[PDB]
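Below, each chain spelled out in residue letters.
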Amino acid sequence: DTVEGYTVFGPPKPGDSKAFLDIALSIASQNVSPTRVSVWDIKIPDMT
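The rules behind each value
Residues numbered from 1 in each chain as written, not as in the entry; some residues may be left out. Part of a larger assembly, values for the part shown. Heavy atoms only, no water. Helix = DSSP H or I, 4+ residues; strand = E, 2+ residues; numbered from the N terminus. Areas by Shrake-Rupley, 256 points an atom, 1.4 Å probe, with all protein chains shown as cover. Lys, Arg positive; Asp, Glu negative; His and termini not counted. Charge placed at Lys NZ, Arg CZ, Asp CG, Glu CD.

- Method information in the entry identifies cryo-EM as the source of the structure, with 2.76 Å recorded as the resolution.

- The chain goes by CpcG in the PDB entry, where it is assigned to Anthocerotibacter panamensis.
- Here the PDB entry's recorded title is "Rs2'I-Rs2'II, Rs1'I-Rs1'II, Rb'I-Rb'II cylinder in cyanobacterial phycobilisome from Anthocerotibacter panamensis (Cluster E)".

Structure below.
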């Protein structure tokens, strides 16, 4: 430890949210985001 073990970096403090990264990565799922109709194609409703 005296040579190899010791490092300046320490464990994260509470509220760091680094502690929740790699729990973030497990949940991480890619999004499809399917193609939508263009706003130009959509006809704006009439309220008269």
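**What about the overall build of the chain?**
- For the chain, the helix and strand inventory stands at one helix and zero strands.
- Seen through its C-alpha atoms, the chain measures out along the principal axes to roughly 80 × 25 × 15 Å.
- Surface accessibility of the chain: about 5,600 Å² in total, with carbon and sulfur atoms responsible for 62%.
- Charged side chains of the chain number 4 positive and 6 negative; the gap between the two group centres comes to 10 Å.

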